[PDB]
Amino acid sequence: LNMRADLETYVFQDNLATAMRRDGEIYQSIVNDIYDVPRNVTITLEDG
Amino acid sequence: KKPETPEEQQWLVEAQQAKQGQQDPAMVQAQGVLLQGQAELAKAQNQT
């Protein structure tokens, strides 16, 4: 429980120093088209 | 299962309808070994 408390402050400490490190994996970058922003998310449209 | 889109989307939905399209002729084709016995009824009418 205290280990999980250390891991609770892990995200609120490490991410500042190292930079970034938002979780998950989502298409935002080059190699074909970019971003994911417009409207609703959708099945294989908007950036294709 | 249906798509939960964990890191992949385009390949899921594409091959989903394609796999379902393979199932329909395949089950009927599986009867092909027993179609030999059904062909005896066809040959029975052919010889006459």
# chains A, B, ... in the order shown; residues from 1 in each chain; ligands from 1
call {"tool": "interface_residues", "arguments": {"of": "chain A", "to": "chain B", "cutoff": "9 Å", "atoms": "only C-alpha atoms", "output": "list in words"}}
result
residues 24, 25, 26, 27, 43, 44 and 48 of chain A
call {"tool": "write_last_selection", "arguments": {"atoms": "C-alpha atoms", "output": "mmCIF file, in the first residue's frame"}}
result
data_model
loop_
_atom_site.group_PDB
_atom_site.id
_atom_site.type_symbol
_atom_site.label_atom_id
_atom_site.label_comp_id
_atom_site.auth_asym_id
_atom_site.auth_seq_id
_atom_site.Cartn_x
_atom_site.Cartn_y
_atom_site.Cartn_z
ATOM 1 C CA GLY A 24 -1.094 4.914 -23.764
ATOM 2 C CA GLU A 25 -0.168 4.720 -27.425
ATOM 3 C CA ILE A 26 -2.045 6.864 -29.933
ATOM 4 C CA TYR A 27 -1.423 7.954 -33.530
ATOM 5 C CA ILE A 43 -12.971 3.991 -38.015
ATOM 6 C CA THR A 44 -10.220 4.634 -40.576
ATOM 7 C CA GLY A 48 -7.405 7.718 -42.992
#
call {"tool": "select_by_dssp", "arguments": {"residues": "chain B", "states": "alpha helix (DSSP H)", "output": "PyMOL selection string"}}
result
chain B and resi 10-29+35-47
